[PDB]
Every structure is written in structure tokens, then in C-alpha cells.
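For reference, the chain that follows is the form deposited in one PDB entry, supplied as C-alpha cells.
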């Protein structure tokens, strides 16, 4: 069954994108707004990736989900967030330990850290960064009027990892699968 072997090999080489020499690593930051809309920023880079952005509004950001590709080393993830005197602030937190595996068919398709913002916030500025396990970054942003639209028009056609409000997992298991 060479057809079957070829199918597995082809899918495996696609999971193998997580062991690239070129060290590809992606991060997505999702901002969940009070009108139900979702703003997404995606950066893809090599070796390390981070995003630094502010999310303003009278629909205000209510929650953040950060998702990293499975090539990230979770132990290197750092996050800083702001608008409490700066001069008594923590400069960052090492948030790795809070990231959960997003799994499909027992394969890790990404890592997620999700946190709600207190109602007192009309904004967050946020920087997050991670380095891959062992300049040319492209950034994408968009807004979707609902999480269902995000899922149908962005997550699903790109086969991206995701976790929705119901904690449903999205992504495609590839390692040695047909």
C-alpha cells in the first residue's frame, strides 16, 4: 500500500514543520471584545516570535488568548502587560507554566494561555514572546464580528490551532496519520 505510505509520509512531513532547521514559530493573540467580536494578531517568525500591541475600544476588550505553535519552548515564554506605579512593577512574568496543550487525536497542535480582564479595564497593552525548542517576521491582523466567524473564516481554512469559548479544540493531527 504505497498510496497509504505516501499519505502518512506527506502528513508527517507537515507535522515535521515543528522540527524545522529554520525554526519556524508562530504566535496568535486573540482579543475578545464586549460586543462579541474577536480581534486576532498573528506573527510568524524564525527562532523566536513576539507580539507587542495595545487593544483599545464603546466595545472594550474583555479577555485575551495567546496561542503558540507547537515549536515553542513553553519555558521561554514571557509576557508583560499594562494599561501599579511603573517604578514598582514587575517587568514581565514567565507565564509558561499556565499554557495548556491544545490536542487533536493525542497530538499537541499548540499551546494556549487564556485570561479574562477585570471590568475596570477599558484597555490592555501586551507584549508576549517565546523561543523555539531546539527582521523577516510577517504580521497579520483582523477582526471578526463573532467567534463563529473566526472559526469558519480563519481557524478552519488555515488548519490553525484554537480553543473556543466552550473549550472546544481545533487543529489537525498530522504526525504519522492519514
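Positions refer to the first chain, counted from 1. Under this definition, the rigid core comprises the largest set of C-alpha atoms superposing within 1.5 Å between the forms.
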When the other entries of this protein are compared, is residue 121 unmodelled in at least a third of them?
yes
Is it true that residue 83 goes unbuilt in a third or more of the other compared entries of this protein?
yes
Between residue 152 and residue 153, how many deposited residues lack coordinates (none, 1 to 3, 4 to 9, 10 or more)?
none
Unresolved deposited positions lying between residue 83 and residue 84 come to 4 to 9
Do the CA atoms of 47-55 or those of 115-123 have the higher mean B-factor in the entry?
115-123
On mean Cα temperature factor in this entry, is 153-161 or 16-24 the higher one?
16-24
Which is it among 78, 100, 103, 88: the one with the largest CA B-factor in the entry?
88
Report the option among 65, 129, 34, 42 whose CA atom has the maximum B-factor in the deposited record.
34
Just say lowest, middle or highest third for the CA B-factor of residue 148 relative to the other modelled residues in its chain.
middle
Cα B factor band for residue 138 (lowest, middle or highest third within the chain):
middle
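We do not show the form deposited in another entry, though everything after this point is about it.
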Go through 121, 33, 114, 144 and flag the only one whose CA is off by 2 Å or more between this form and the one not shown, rigid core held fixed.
121
In the other form the CA atoms of residue 122 and residue 97, compared with here and shifted by at least 3 Å, lie closer
Residue 147 to residue 121, Cα distance in the other form relative to here: closer or farther, by 3 Å or more?
farther
